[PDB]
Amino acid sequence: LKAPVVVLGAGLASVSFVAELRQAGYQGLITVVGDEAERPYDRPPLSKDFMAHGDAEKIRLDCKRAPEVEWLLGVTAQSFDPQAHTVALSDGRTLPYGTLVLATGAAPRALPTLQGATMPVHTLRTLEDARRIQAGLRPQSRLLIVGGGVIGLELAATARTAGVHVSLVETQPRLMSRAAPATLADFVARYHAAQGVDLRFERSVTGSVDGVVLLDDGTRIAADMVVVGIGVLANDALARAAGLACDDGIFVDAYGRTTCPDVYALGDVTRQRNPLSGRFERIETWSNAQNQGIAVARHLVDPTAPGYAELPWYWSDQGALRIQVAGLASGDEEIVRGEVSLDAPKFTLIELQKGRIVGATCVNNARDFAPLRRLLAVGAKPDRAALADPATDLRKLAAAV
């Protein structure tokens, strides 16, 4: 590993990586450049508890496993020269590097049809965003959310709890089309509708006039605030300019290597192999950011260590639904454990492909999730009758493997 180490971005992936470098035994220089003028913080609370409690000191990331790191907060890396091995900073300084790590994440995609709008329109990515939205979540106000993914739905739940009227516009015929089983998506729509969310499927926004949103069916929605959660775009501009292979995300191998010698990348900014699908994908989960960061650091310090190998998974807390999703959304088979019901929701889904577990969902059923992720990891082929059977406990079934 070539010193000094410079990391661009100070999000979860960055913090996780630098903490692992130190824990693995690297004692040379580490400098982290973070464009946000904020003590590094975790994003999941921004759509939930922060949106509701407003204390940023409850959401900071623990940097104590990363001693002796200089964090340049409020500074933007403007470019890097991979021949000179330097990074140019917005404050006029230049940093030298032996190893450069791009952990610059992703930015919310903006709505092109609302580009010249005159009502409040916000995205939800940063603490600044969350505070700005927080200030607008007054009881009885009218919130329109654009996008029925995890941002929109987590915010929908938080807003309804605060007594805010919520309408939500989604272009697809379903919610969470990105990385969720249809059975889950259907249930989640039923849940939100029952909580008073006004869902609009297969509708695109065509624009707005004076505090009113226009749709593709030729109709209107008036709103006090719009929050746009329509996905992200990788923050890969420095990589594109420097000649790295990128396409809405920096291509990396399991060691986090880019196409440019001595430059690595990790987290939301990367496109990487999903071992379950065998395809290159942006894996934009909290667990990826942490675990890919850790694996890349571990292998830089110890080249004998394996490359990143974890299978993808996430959670989403949407009001009364604590959702956990691992692996692939579908296979050739779905097994449902429990009844799927709005009365005290509690169930598990298991996706199989030719008898092999390729994915799993738990809704208010955390006890089942860890054993299913272990079965997933080893490509388990359990008895499908037993997988369905309510009498089977999965912790023991996983233990038998």
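In case it trips you up, residue 1 is the first one in the sequence shown, and so on. Here the rigid core means the biggest group of C-alpha atoms that line up within 1.5 Å when the two forms are laid on top of each other.
- Of 213 to 221 and 73 to 81, the stretch whose C-alpha atoms sit farther from the shown form in 5 other deposited structures of this protein, after fitting on the rigid core, is 213 to 221.
- Here 323 to 331 and 114 to 122 are scored by the root mean square distance of their C-alpha atoms in 5 other deposited structures of this protein, with each structure fitted by the rigid core; the higher score goes to 114 to 122.
- Look at the C-alpha B-factors of 296 to 304 and of 213 to 221. On average they run higher in 213 to 221.
- As listed in the deposited structure, the average C-alpha B-factor of 23 to 31 and of 47 to 55 is greater for 47 to 55.
- Highest C-alpha temperature factor among 178, 271, 125, 85 per the entry: 178.
- Taking the deposited Cα B-factors for 81, 202, 281, 248, the highest one is held by 202.
- Ranked by Cα temperature factor within the chain, residue 157 sits in the highest third according to the deposited record.
- Among all modelled residues in this chain, the alpha-carbon of residue 90 has a temperature factor (C-alpha) in the lowest third.
- Annotation for residue 333: CA B-factor lies in the middle third of the chain's modelled residues.
- Ranked by C-alpha B-factor against the other modelled residues of its chain, residue 183 falls in the middle third.
- Annotation for residue 170: C-alpha temperature factor in the highest third relative to the rest of the modelled chain, per the entry.
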